[PDB]
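> Here come the first chain(s), positioned as in the complex:
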Amino acid sequence: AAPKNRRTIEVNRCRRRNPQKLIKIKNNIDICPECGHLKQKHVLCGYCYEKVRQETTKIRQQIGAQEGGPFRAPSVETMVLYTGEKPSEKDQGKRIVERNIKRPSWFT
């Protein structure tokens, strides 16, 4: 549907420059102490979260190799151990995952 005459640039300029059509500023921006990067007040930091996922992938890779087959999910609890930490009696009766890396500072 076309108007019976061409729409003037002046008319068009007013429509696009109306405040309703302009981009709004956001004041909910926050700083992440953990990563030192920006975050939203309702959103978690991704720089630190990225570390968790990367460690999770590495941990998951170790578990997959240890299982050695599909549909081999243990019926017993699982635990992760890093270099410098040795399985204890409390770790008995739990699947033990060994990580070549030392215990991460953030991970406890």
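Looks like it came in fine. Residues are numbered from 1 along each chain as shown, chains lettered A, B, ... in the order given.
> name the element the residue nearest to residue A:21 when sequence neighbours are not counted belongs to?
Excluding the flanking residues, the one nearest residue A:21 by Cβ to Cβ, 6 or more residues apart in numbering is residue A:15, at 7.2 Å. Just so you know, the C-beta spots here come from the backbone N, C-alpha and C atoms, and that holds for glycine as well. Using DSSP states H and E, the element containing residue A:15 is helix A:9-16.
> Next SSE downstream of that helix?
Next along from helix A:9-16, by DSSP H and E: strand A:29-31.
> Name the strands paired with the longest strand belonging to chain A and say parallel or antiparallel.
For chain A, the strand that runs over the most residues, judged by DSSP state E, is strand A:94-102. Each strand paired with strand A:94-102, and its direction, by DSSP bridges: strand A:77-83 (parallel).
> Distance from the chain centre to the partner strand, please.
Here strand A:77-83 is found 22 Å from its chain centre; the criterion is Cα atoms, centre = their mean, to the nearest Å.
> likewise stretch A:76-92?
Worked out by Cα atoms, centre = their mean, stretch A:76-92 lies 26 Å from the chain centre.
> same check, this time on stretch A:22-38
For stretch A:22-38, the distance to the chain centre is 17 Å (Cα atoms, centre = their mean).
> Please point out which parts of it sit buried.
Under the neighbour-count criterion of 16 or more other Cβ atoms under 10 Å, stretch A:22-38 has residue A:32 buried.
> List of residues touching it?
A:39-42, A:45-48 (Cβ atoms under 8 Å, 6 or more residues apart in numbering).
> how about a cut-off of 6 Å?
Stretch A:22-38 is contacted from outside by A:39-41, A:45, A:47-48, using Cβ atoms under 6 Å, 6 or more residues apart in numbering.
> Residue A:39: neighbouring residues, count only.
By other Cβ atoms under 10 Å, the residues close to residue A:39 number 19.
> Now do the top helix by length along chain A: which elements does it pack against?
The longest helix of chain A (DSSP state H) is helix A:46-67. Other helices and strands packing on helix A:46-67, by 3 or more Cβ pairs under 6 Å, 6 or more residues apart in numbering; DSSP states H and E, are absent; none qualifies.
> here's chain B, drop it on:
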Amino acid sequence: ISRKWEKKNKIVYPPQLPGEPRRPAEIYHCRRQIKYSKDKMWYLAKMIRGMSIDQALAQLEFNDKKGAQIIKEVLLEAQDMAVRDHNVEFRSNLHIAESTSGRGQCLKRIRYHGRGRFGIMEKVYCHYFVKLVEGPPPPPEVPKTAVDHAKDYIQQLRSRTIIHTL
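With chain B added, the chains above now look like this:
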């Protein structure tokens, strides 16, 4: 094609005398070819006009539009050269004096339709122009008070000059 925005960045002012105030730095940066509509980029440019360097970066980081990501890269590049070449001592001491987008050369193609129709396909490109002035953004406007408006009206009445009389 014209590239005078870069030439504006090549302007060299005469050496300032010792008894002359330190000239505020002006940085002209632009991205000539962007596969984006200028109008959409203009909306981003309009909002960021007059804002500080840090404030603009924070707003862009949480913006969902593709153009905003492009602007942030352009803004980051402008800040880097401003310190590197325009002698900007403080990274935070920068504000967006000017921000605007321009049309770029497009590509022409025909848009086929499944049932024998055709259309005019166009690949849009745009230019983005920003001028950065070292220093904090200027203070915002303050609306006139009732007293200010009233005084002007009285002054206007007094300022009236009689017409076509001796």
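> same question on the contacts of stretch A:22-38, but with chain B included?
A:39-41, A:45, A:47-48, B:43-44, B:46-47, B:58-59, B:61 (Cβ atoms under 6 Å, 6 or more residues apart in numbering or on different chains).
> ChimeraX command for the buried members of those?
Listed next is the ChimeraX selection for buried residues among those, using 16 or more other Cβ atoms under 10 Å in any protein chain shown:
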select /A:39,45,48 /B:43,44,46,47,58,59
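> for chain B, what's the longest helix?
helix B:66-85.
> and that helix, C-alpha only, in CSV?
Output in CSV follows, covering the C-alpha atoms of helix B:66-85 (Å, rounded to 0.1, in the frame of the first residue of the first chain):
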residue,chain,number,x,y,z
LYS,B,66,25.0,-6.1,15.2
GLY,B,67,25.7,-2.4,14.4
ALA,B,68,26.3,-1.7,18.1
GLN,B,69,29.1,-4.3,18.1
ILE,B,70,30.6,-2.7,15.0
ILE,B,71,30.4,0.7,16.7
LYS,B,72,32.2,-0.6,19.8
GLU,B,73,35.0,-1.9,17.7
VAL,B,74,35.2,1.5,15.9
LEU,B,75,35.0,3.3,19.2
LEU,B,76,37.8,1.1,20.7
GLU,B,77,39.9,1.8,17.6
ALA,B,78,39.3,5.5,17.9
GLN,B,79,40.3,5.5,21.6
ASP,B,80,43.5,3.6,20.8
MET,B,81,44.7,6.0,18.1
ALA,B,82,43.6,9.0,20.2
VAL,B,83,46.1,7.9,23.0
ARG,B,84,48.6,6.6,20.5
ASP,B,85,48.7,9.6,18.1
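> Mind giving me the packing neighbours of that helix?
strand B:26-34, helix B:38-48, helix B:53-61 (3 or more Cβ pairs under 6 Å, 6 or more residues apart in numbering or on different chains; DSSP states H and E).
> Now the ones you listed in JSON lines, please, with extra columns for distance to chain A.
JSON lines is the format used below for the helices and strands packed on helix B:66-85 (distance: least, Cβ to the nearest Cβ, whole Å):
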{"stretch": "strand B:26-34", "distance to chain A": "17"}
{"stretch": "helix B:38-48", "distance to chain A": "4"}
{"stretch": "helix B:53-61", "distance to chain A": "5"}
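> ok now the helix holding residue A:15, how far from the chain's centre?
Using Cα atoms, centre = their mean, the offset of helix A:9-16 from its chain centre is 43 Å.
> Also, this goes in as chain C:
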Amino acid sequence: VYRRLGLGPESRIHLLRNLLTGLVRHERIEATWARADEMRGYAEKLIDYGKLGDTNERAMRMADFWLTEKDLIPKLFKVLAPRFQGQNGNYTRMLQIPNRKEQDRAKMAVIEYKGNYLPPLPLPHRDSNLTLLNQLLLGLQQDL
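Putting chain C onto the chains we already have gives this:
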């Protein structure tokens, strides 16, 4: 009380079944925020079925249908259920993650089973009592 998801009611449960199976296997899953919230209730109720007891015949039918991989069925009754015996609820932790930068800008969240062996998530921390405002509130508390 239910999100309109899937090409049909079966698809939602099958999609939930796929989501539930993955979470049990890995114990921490990243998915769109809406899906994570929808499936959080099912996961909590599943843990209750594990608490009900391994011998419970009804639990097996629920576990068998919901968990496509049957190796997880022993895990639920012998890993998840023992783990959550002390807990009375809140077995699942769901947190909002920044939206995917995949040109669709979907709302993302991460849902995990509490007590897992995975590294702790970067949870938010409330302000410490040592802060000036908290210290002032502490003085008011002491006087009262």
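> now that chain C has been added, could you go back to the buried residues of stretch A:22-38?
For stretch A:22-38, by 16+ other Cβ under 10 Å, it's A:23, A:29, A:32, A:34-35, A:38.
> what's the answer for stretch B:19-36, then?
Applying 16+ other Cβ under 10 Å to stretch B:19-36 flags B:25-32, B:34, B:36 as buried.
> what do you get for stretch B:62-73?
Across stretch B:62-73, burial judged by 16+ other Cβ under 10 Å covers B:62-63, B:65, B:67-68, B:70-72.
> which two from those residues end up farthest apart in space?
Spatially, the most separated pair among the buried residues of stretch B:62-73 is B:62 and B:70, at 15.3 Å (Cβ to Cβ).
> How about the residues of chain A by chain B?
A:22-23, A:25, A:29, A:38 (Cβ under 6 Å from any Cβ of the partner chain).
> could you redo the last one with a cut-off of 10 Å?
A:12, A:16-17, A:21-31, A:37-40, A:43 (Cβ under 10 Å from any Cβ of the partner chain).
> near chain A, anything from the helix or strand where residue C:142 lies?
Using DSSP H and E, residue C:142 sits in helix C:132-143. No - using Cβ under 10 Å from any Cβ, helix C:132-143 stays clear of chain A, with a minimum separation of 17.2 Å.
> then that helix to CSV, C-alphas only?
Listed next in CSV are the C-alpha coordinates belonging to helix C:132-143 (Å, rounded to 0.1, in the frame of the first residue of the first chain):
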residue,chain,number,x,y,z
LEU,C,132,29.3,0.9,56.8
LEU,C,133,25.6,0.6,56.3
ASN,C,134,25.6,-2.9,57.8
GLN,C,135,27.8,-1.8,60.7
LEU,C,136,25.3,1.0,61.4
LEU,C,137,22.5,-1.6,61.3
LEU,C,138,24.5,-3.8,63.7
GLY,C,139,24.5,-0.9,66.2
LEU,C,140,20.8,-0.6,66.0
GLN,C,141,20.4,-4.3,66.4
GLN,C,142,22.6,-4.3,69.5
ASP,C,143,20.6,-1.5,71.2
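> Run through who's touching that helix.
C:126-131 (Cβ atoms under 10 Å, 6 or more residues apart in numbering or on different chains).
> if we go to 8 Å?
Applying Cβ atoms under 8 Å, 6 or more residues apart in numbering or on different chains, the contact partners of helix C:132-143 are C:127-129.
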